[PDB]
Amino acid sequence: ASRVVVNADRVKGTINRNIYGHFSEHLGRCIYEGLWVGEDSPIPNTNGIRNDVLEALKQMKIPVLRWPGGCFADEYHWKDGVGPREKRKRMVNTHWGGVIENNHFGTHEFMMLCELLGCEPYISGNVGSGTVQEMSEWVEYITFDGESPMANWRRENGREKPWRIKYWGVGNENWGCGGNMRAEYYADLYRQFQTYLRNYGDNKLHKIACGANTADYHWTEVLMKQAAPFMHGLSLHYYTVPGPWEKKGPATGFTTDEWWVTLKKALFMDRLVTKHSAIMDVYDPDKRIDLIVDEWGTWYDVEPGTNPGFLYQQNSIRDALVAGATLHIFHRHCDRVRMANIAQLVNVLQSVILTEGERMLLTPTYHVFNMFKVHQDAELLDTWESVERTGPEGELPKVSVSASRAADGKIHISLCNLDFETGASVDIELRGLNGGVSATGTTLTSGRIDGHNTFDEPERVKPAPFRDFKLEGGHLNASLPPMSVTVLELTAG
């Protein structure tokens, strides 16, 4: 059996709720259909935003939402998305391309969306093809409470008081689709652009520089050395891609080898975060600057017959394990990692929700985020572990565990069983308690390694009560089901 000691009297730090963040680009059906249906749609909606998705996201407690993209963000000109909705600029592609952009979802609709969800807005400004004045005016338009062309324009468009916004990305993927820049060159632009993004009134900007793709450590070094004093966060992007880029592999009907490879590549996040943080420590030993993993998740070949440019893929129990295992990695690094944004809220990459017209489903990834919401802003508890191995040559840990205490005093222990073939025995020793506790549990598992939900069968994979454990005198012995994510809630008394 795997062994775990939880020291409940020993706090290691706070798991920032923004670790549970999300990301929605104007791509495929993420914004259009996925969220924005329009005020006059037969799909029930609140001010143009579909109610089914809204309610599901609120239950999940989405903490922050990044918009309007990765690549799209450094092509976007924000002024195209404000003003009388029916008169905004429109781009239509008469090709398989499928680029229909009417700009009906713009700045006002996005701030409204965040207010509806109860989440923080995180806007990504355009460095690659934008100008310093353009970005500066966006911030002024949003946050200025005085009189000016930009602030007056906001009021004319229906928002009288300024909005608050903390999170502001100064360019996305600038090493690539955001301008193919050298780190050294981006650093100069970053420093210039951020200069003109002001704190108006009571607003305080949290400026986020574009960080490394995967293992580009030189990027991190240059950005930290050249630009650390001018930023509050630095990002990092890492997608879990089973096969080569040219043939990533399918979301369902995959082999057992693809299972192990996917999970092994997911766990590589720990090395990336560790090594990028080590470079950050050299220039910022006090850890002032946030590490922000604002693109992560699985990336497969699209579902057969669909437009590859739309990035639509299914979502299985394998993705649930990627999500749960990666979230645990962020927890362990919560002294530096303070936000993450899984790539793509709806209908795009590793989504929590898929839709098909009026129909929608919750993916197994959704269920992980909903179950793990108990970790948002929780205190991470000191845990020691000795876990068995699984997979070819024991290349994976069989189990991944994390323990935290919520503000109301309840303790939550989440556990992933990475082995699809057998259950996992975990012996959990609870120390530093002071009293006694009782426990309940919930588990997400499947009978098939590619177990997933569809529109006709939307509840094939979903959480269920978990009762296969024994709690006796400060020892919790659990028998986790195969391929599962489980959460145990412990209540004092």
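Numbering starts at 1 and runs along the sequence shown.
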query: Residue stretch of maximal mean CA temperature factor, 348-356 vs 132-140; finding: 348-356
query: Stretch with the higher entry mean CA B-factor, where the candidates are 39-47 and 428-436; finding: 428-436
query: Criterion, highest CA B-factor; candidates, 233, 125, 305, 178; finding: 305
query: Candidate residues 31, 65, 60, 444, the one whose C-alpha B factor the record puts highest; finding: 31
query: Residue 417 - which third its CA temperature factor falls in, relative to the rest of the chain; finding: middle
query: Third of chain Cα B-factors occupied by residue 297; finding: lowest
query: Assigned third (lowest, middle, highest) for the C-alpha B factor of residue 479; finding: highest
query: Where the record places residue 223 (Cα B-factor, split into thirds across the chain); finding: lowest
query: Residue 162 by Cα B-factor - lowest, middle or highest third of the modelled chain; finding: middle
